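Below sits a lone chain in structure tokens, taken as the form deposited in one PDB entry.
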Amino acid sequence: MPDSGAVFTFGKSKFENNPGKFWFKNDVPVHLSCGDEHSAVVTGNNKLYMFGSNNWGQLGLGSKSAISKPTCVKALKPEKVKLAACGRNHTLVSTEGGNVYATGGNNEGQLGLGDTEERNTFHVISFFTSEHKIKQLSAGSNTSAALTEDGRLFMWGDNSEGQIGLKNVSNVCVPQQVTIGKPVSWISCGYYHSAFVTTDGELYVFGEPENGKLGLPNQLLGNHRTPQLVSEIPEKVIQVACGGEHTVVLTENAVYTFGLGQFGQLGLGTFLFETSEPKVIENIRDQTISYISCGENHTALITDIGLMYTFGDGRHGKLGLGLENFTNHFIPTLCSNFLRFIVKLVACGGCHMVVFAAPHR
């Protein structure tokens, strides 16, 4: 409706799960995050809006089972919210003043609060201060990450499969630095694996050595609890996004995928259902990709000119393609319904996807 655009919801986001649309009065989204069954929107006026499932208190809005409509977390209004990350049952938020907050499930210490007690309102992670300028947050299944502007990566929560790169420790309930001796520029926590990109463009992956999603050859899979270089991508890596059983990697002129693709989430065609080796998506070679996003079982790409391509599991309409079109897509497919829009932001969750797009005029 407004020229600045709208947030579009697809799938089971709880906003009656039909393709939905909302916007804010004199405010605009600047950041989107989707967890397994919930969503977060950070606005330009530095407010946080939460919606979806709240069974574990992941919305930070009290004890209600679910909240259908995007709801302002007014408890954080004294602070300038800049970023948010949604995991399976928890949410992380960072503020301009140097405070990082968490709410939701805490069974593996993913809130980073020093215990394993669940919370249903946002609590300060006292480990983080104004000394830590947060560039990025990420959150997986009972896992958490915060990346600073000067390239320090901190992770906490579950490490039972090595998914926070802390070797033989089972889990941690306090943020701990994860490093291989280089500044980090990008981090993504998938469900049971994670990855980071160094400032020199190297990709490191760690976590569950299953389904080929680490993208490492067999001789390296034993050391999956330590971050290891994906040497089979020779080009400089810019972004990584980790999903349920797949991984998506952005380089300057190519998108790589690896792991499981039984729903089409690898985008490598109708014949390739899994790969342990990183493979380039060939159908979109002609276009430059500016952003990548992973849900549990689907993938979204935004191009430099603001087109969006999706692929993978079509259930609930989460690919954002068509009202009746619920089939799986094995190649990146143009979101033709956004053709007269610039797609600006996208986040993908378990059974839903959230999109920020503004119309061409």
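Only residues modelled in both forms are compared. The first residue of the sequence shown is number 1, and the count goes up from there. Note that the rigid core is defined as the largest set of C-alphas that superpose within 1.5 Å between two forms.
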Missing from the model but present in the deposited sequence, between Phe10 and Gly11: none
Selected stretch [higher average CA B-factor]: 335 to 343 or 16 to 24: 16 to 24
Per the PDB record, is the mean Cα temperature factor higher over 320 to 328 or over 32 to 40? 320 to 328
Based on the PDB record, which member of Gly244, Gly181, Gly215, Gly165 exhibits the highest Cα temperature factor? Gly181
Looking at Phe154, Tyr101, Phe206, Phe128, which one carries the largest C-alpha B-factor according to the PDB entry? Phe128
Per the entry's values, where does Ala358 land by CA temperature factor relative to the rest of its chain, in the lowest, middle or highest third? middle
CA B-factor placement of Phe271, once the chain's modelled residues are sorted into thirds: highest
Chain third (lowest, middle, highest) by recorded CA B-factor, residue given as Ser293: lowest
Comparing against every modelled residue in the chain, figure out the third that the C-alpha B-factor of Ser170 lands in (lowest, middle or highest). highest
C-alpha B factor of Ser53, ranked within the chain: lowest, middle or highest third? middle
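The protein also exists as the form deposited with a partner chain bound; that form is not presented, and the subsequent description refers to it.
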Considering non-hydrogen atoms and a 4.5 Å limit, which listed residue (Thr303, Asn55, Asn46, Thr333) is close to its partner chain in the deposited bound form? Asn55
When the contact criterion is heavy atoms within 4.5 Å, does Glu118 count as touching its partner chain in the deposited bound form? yes
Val343 versus its partner chain, in the deposited bound form: is there a non-hydrogen atom within 4.5 Å? no
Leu260: heavy atom within 4.5 Å of its partner chain in the deposited bound form? yes
Counting only non-hydrogen atoms and a 4.5 angstroms cut-off, does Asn107 reach its partner chain in the deposited bound form? yes
Exactly one stretch in 214 to 222, 278 to 286, 249 to 257, 110 to 118 has heavy atoms within 4.5 Å of its partner chain in the deposited bound form; which is it? 110 to 118
Moved runs of 3+ residues, each with a C-alpha displacement of 2 angstroms or more between this form and the one not shown on the rigid core: 16 to 19, 64 to 66
